Every structure is written in structure tokens, then in C-alpha cells.
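There are 2 protein chains.
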Amino acid sequence: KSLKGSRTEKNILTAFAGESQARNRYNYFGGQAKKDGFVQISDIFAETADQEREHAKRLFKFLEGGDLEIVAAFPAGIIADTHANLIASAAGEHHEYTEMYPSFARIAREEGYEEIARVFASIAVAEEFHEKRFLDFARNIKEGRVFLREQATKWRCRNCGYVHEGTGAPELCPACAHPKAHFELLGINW
Amino acid sequence: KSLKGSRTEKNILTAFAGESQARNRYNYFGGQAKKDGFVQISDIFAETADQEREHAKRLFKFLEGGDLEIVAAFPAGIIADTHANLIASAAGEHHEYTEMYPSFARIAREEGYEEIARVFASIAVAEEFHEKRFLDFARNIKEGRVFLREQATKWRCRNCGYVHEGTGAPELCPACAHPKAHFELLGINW
Ligand SMILES: [Fe+3]
Ligand SMILES: [Fe+3]
Ligand SMILES: [Fe+3]
Ligand SMILES: [Fe+3]
Ligand SMILES: [Zn+2]
Ligand SMILES: [Zn+2]
């Protein structure tokens, strides 16, 4: 059926509004992680910002109407150091998949919108991996393990693809001469 | 010392010219992999194109002069299906780290340019991982293993970050409704 005048109609707009602000906050956090010397984290923030654009797009494509009043609480700010930014983003993520989307998928079901309840539950799966990624990175920073491990691995320069073998990323990449900030652990996922 | 009138001077320009064309070919190949339904491969081509920009930048920053004549053979074309594109790119990669850069680093040494011989040898390391990545992907296509494995894993939608558990990627992502083409094996490298 129609969406107009349901509680799910107001919940889709609230989810779109919260996601639109998260897209912006993650891009801002992405800029600050670049300035903190964490390029791989900067790009994860930007990738996540982008994924928030897409969850907000799927939601928005259900809406059919005009103006709608929302009552809702949002984080009133703060761009801090990258560790705090990672912790505040895991928290926001945390609330979405444990509270907001559960609740919204449940109301959609009650109202006869099973396909939207489906989409709401499916976004939550994505929101869980995002929180886990922010938490592992926050933990790496705090322990001082971003650029140095206990056992020797392969480190890749994200700027030129140079692979380095060692316990830690070199101070400057020898191929492109960009600093340590550009290195990540080498990953293979094919 | 100065670079002008050395064989290394002509070799840096030849390497810059070959890399500049590889940046373009990998971006073209990147567009065709998108049309073939391989988004993760499309983005690796684009990432590699970008890394070729940076190797070419480090090289170019050594040059000091005016015009210089190059005699050199280059691939005179062809944008084909993605598998052939992956095989032709591994080959080009292959020739760079086994023949071109070895030889150029060796001549630079002979001539008293040890730091450029250093940079030439270091780019080759990057060129080896690029060939290995193109070959594993070409092999995945050919065996039909891009979107389906024999044992059950976790598949991630690159468009919205939805994580799926199964032997194969779903036909449409349930969170963003984008097709199979968007999925990759879930990777963790932190
Ligand atoms: Fe999220
Ligand atoms: Fe580098
Ligand atoms: Fe390469
Ligand atoms: Fe998706
Ligand atoms: Zn979200
Ligand atoms: Zn190259």
C-alpha cells in the first residue's frame, strides 16, 4: 500500500536525515584523519560516507510526498582528533543497528510494509560492519599498532603500491617518497 | 651530478612515457570491467592507473631539461573483454619489472646515479604486485570463481557495505538493490 500518513513514512524520513548528516560527518572526519597522518583510515571514512549516501538513497526512493515534520535528536557536532572521531562514529553506528533500524523495521512490519522492513533490517547488517571497522582502527591507534606490528608483515603504500616487508612501515616510501602515513597492511580479498 | 646527456636521462623519459600510457590504458580497461559486471576489478584498474600516475610523477621530477627524442616500442592498442585486458596488463607489468626497470636501474648505477637506480628498483617491487593482482583476477574469471566459491564465505557489497554469508554473492543486494556486480569477498587488512 501507500506510505502516506503511516509511522513508517516518518521513520524513513528520520533515517534519511540521520544518514545525510552521517555522510557529512564521516567526510569531515575523513579530512581530519588525513591531517592526523592516517590515510587508510581517511579513505575508510570517505568510503563509509559514500555507503551512507547509498543507504539514504534507497530510503529516499520510497518517499512519495510533500513536506513532513520530524522530531529527532542528532549529534550536535564535534570534529575532534581521529581516535575520538572513530569512537563517536562507532557509537552512532552502534545505535543504528541496535536501536533505530530494529525498531523501524518492526513498525514497518506492523503496518504492512514487509519490503521496507526487509531493507531496514538489511541496512543494519552494513551498519554493524562499519562499527566494527571504526572500533578496530580506534584500537590500533590507541595501542600504537597502526604502523608497527610485533611480527613481520607486508606493508603496502597506498600511493604507489610499493610492498615493504618488516615489522613496521618505512618512514618514506622508497618508490614515491611519500611518508609513512600512506602505508597499510597488505590485503588480498580475491 | 647532472642528468643532462646521460643514458639514464633518456631512460627516465622512456619510463615516464610508458607509464603515462599505462595510466590511460588501465583507466579504459577500468571502464570496460564496469561494463562487464566486474566492479571490484574496475576499481583495481582505476587504483592501478592512479599508482602509475605516481610512479610517473617521481620520475618526471628528476628531469631538468628541454626536448628529448625517445625511440621506444609501445602497445598499439586494444581494449578487449576484461579477461584479455587483465592478461595484457599482467604482461606489460611483467616486462617492466623483469626487463625495463632492471636494465634502467643498472645503467643509472653505471653512470653514478645511485638514488635513481634506487627509485627504479623500488618501482619494480610495486610493478610485481600489480601483475600478481591482474593474474589472480584473470584466473578467477576464467574459472568462474569471481562471484561463487566452493566453501561459504562473507561477501561485501561495495556499494552499501552489506555483508552476505554464502557460497556466492546474491543477485541483488537486499540493502541497496544493486546487482551482483557490486560484491567482493569481504577483506580485513588492519
Ligand atoms: Fe554506517
Ligand atoms: Fe609509495
Ligand atoms: Fe604497474
Ligand atoms: Fe548493497
Ligand atoms: Zn548509517
Ligand atoms: Zn608501471
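Residue numbers (the authors' numbering), protein chains in the order written: chain A, 2 to 191; chain A', 2 to 191. A prime marks a further copy of an entry chain.
Quick reminder that beta carbons are idealized off the backbone N, C-alpha and C, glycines included.
Applying the criterion that 16 or more other CB atoms from any shown protein chain within 10 Å of the CB defines a buried residue, is residue i buried or exposed?
| i | result |
| --- | --- |
| residue 13 (chain A) | buried |
| residue 121 (chain A') | buried |
| residue 72 (chain A) | exposed |
| residue 42 (chain A') | buried |
| residue 113 (chain A) | exposed |
| residue 25 (chain A') | exposed |
| residue 213 (chain A') | With chain A' covering 2 to 191 only, the question about residue 213 (chain A') has no answer from this structure. |
| residue 30 (chain A) | buried |
| residue 17 (chain A) | buried |
| residue 78 (chain A') | exposed |
| residue 70 (chain A') | exposed |
| residue 20 (chain A') | buried |
| residue 49 (chain A') | buried |
| residue 159 (chain A') | buried |
| residue 97 (chain A') | buried |
| residue 83 (chain A') | buried |
| residue 90 (chain A) | buried |
Listing by chain order, which chain A residues have their CB less than 7 Å from the CB of residue i?
| i | result |
| --- | --- |
| residue 130 (chain A') | 162, 164 |
Can you tell me where the beta strand (DSSP E) holding residue i begins and where it ends?
| i | result |
| --- | --- |
| residue 119 (chain A) | Not the beta strand (DSSP E): residue 119 (chain A) falls in the alpha helix (DSSP H), residues 115-144. |
| residue 31 (chain A) | No beta strand (DSSP E) contains residue 31 (chain A), which is instead part of the alpha helix (DSSP H) from 8-36. |
| residue 164 (chain A') | 164-169 |
| residue 154 (chain A) | 149-158 |
| residue 185 (chain A') | 184-186 |
For residue i, return the contacting residues in chain A, with the cut-off set at a CB-CB distance below 8 Å.
| i | result |
| --- | --- |
| residue 33 (chain A') | Near residue 33 (chain A') there are no residues of chain A at all, since even the closest Cβ is about 18 Å away, more than 8 Å. |
Would a check of beta-carbon distances place residue i closer than 9 Å to chain A?
| i | result |
| --- | --- |
| residue 58 (chain A') | yes |
| residue 115 (chain A') | no |
| residue 141 (chain A') | yes |
| residue 9 (chain A') | no |
| residue 15 (chain A') | no |
| residue 26 (chain A') | no |
| residue 49 (chain A') | yes |
Strictly below 7 Å CB to CB, what residues from chain A' border residue i?
| i | result |
| --- | --- |
| residue 111 (chain A) | Result: empty, since nearest Cβ-Cβ is about 20 Å, beyond 7 Å. |
| residue 185 (chain A) | 190 |
| residue 55 (chain A) | 160, 161, 177 |
Indicate whether residue i and residue j have their beta-carbon atoms separated by less than 9 Å.
| i | j | result |
| --- | --- | --- |
| residue 45 (chain A) | residue 163 (chain A') | no |
| residue 180 (chain A') | residue 119 (chain A) | no |
| residue 156 (chain A') | residue 138 (chain A) | no |
| residue 135 (chain A') | residue 88 (chain A') | yes |
| residue 66 (chain A') | residue 116 (chain A') | no |
| residue 129 (chain A') | residue 94 (chain A') | yes |
| residue 40 (chain A) | residue 182 (chain A) | yes |
Whose Cβ in chain A' lies nearer than 8 Å to the Cβ of residue i?
| i | result |
| --- | --- |
| residue 127 (chain A) | 158, 161, 162, 163, 164, 176 |
| residue 152 (chain A) | Within 8 Å Cβ-Cβ: nothing; residue 152 (chain A) doesn't reach chain A', min ~15 Å. |
At the 9 Å Cβ level, is residue i part of the contact set with chain A', yes or no?
| i | result |
| --- | --- |
| residue 119 (chain A) | yes |
| residue 22 (chain A) | no |
| residue 107 (chain A) | no |
| residue 179 (chain A) | yes |
| residue 124 (chain A) | yes |
Please list, in chain order, the chain A residues whose beta carbon lies closer than 9 Å to that of residue i.
| i | result |
| --- | --- |
| residue 137 (chain A') | 189, 191 |
First and last residue of the alpha helix (DSSP H) that includes residue i?
| i | result |
| --- | --- |
| residue 112 (chain A') | Unbroken run through residue 112 (chain A'): none, as it is neither H nor E. |
| residue 46 (chain A') | 40-61 |
| residue 84 (chain A) | 83-96 |
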